[PDB]
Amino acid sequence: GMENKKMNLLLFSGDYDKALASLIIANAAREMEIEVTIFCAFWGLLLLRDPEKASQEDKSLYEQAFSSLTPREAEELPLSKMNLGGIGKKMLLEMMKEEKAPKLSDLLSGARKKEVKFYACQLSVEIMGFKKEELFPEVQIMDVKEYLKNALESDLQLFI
């Protein structure tokens, strides 16, 4: 069986639909008792923002602009295609509602509760200017060598 397996996802994309796929896979994995690590890098870091604990305190101006102007939480992420001003996302969301397919923010709550391990790429965090306190509290800041050690120890590795 799959109960001792390990999966590692590098979530690079900050697209709603790619994030959804990554959490559909991670939640299903956790239900099969697979240990799941999601390493968020670049745009994927946007998945990890906690809107209730955002800040502008002691960031450069570029960092402030980036933080205020980008999606402030997972649910605000744009579609990878057909976003159409936010209308084609509105489409996908409606079709999901018809099937009772849970929204990204509910899949993310689910993944946190099932103890999917979420890591934020240190260099991406530094470049984009996010503080630890701006992300969910159980997120750990991980450098790329820690990503590689984890990925090499894993049974399934994907870049999303």
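Numbering starts at 1 and runs along the sequence shown.
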Q.
I need to verify one thing: averaged over C-alpha atoms only, is the B-factor higher for 37-45 or for 124-132?
A. 124-132
Q: Higher average CA B factor in the deposited record is what I'm after, so tell me if that's 138-146 or 8-16.
A: 138-146
Q: Within this chain's modelled residues, let me know which third the CA B factor of residue 104 belongs to: lowest, middle or highest.
A: lowest
Q) Mind checking which third residue 69 falls in for C-alpha B-factor across the chain? A) highest
**Q.** Position of residue 28 among the chain's modelled residues by C-alpha B-factor, lowest, middle or highest third
**A.** lowest
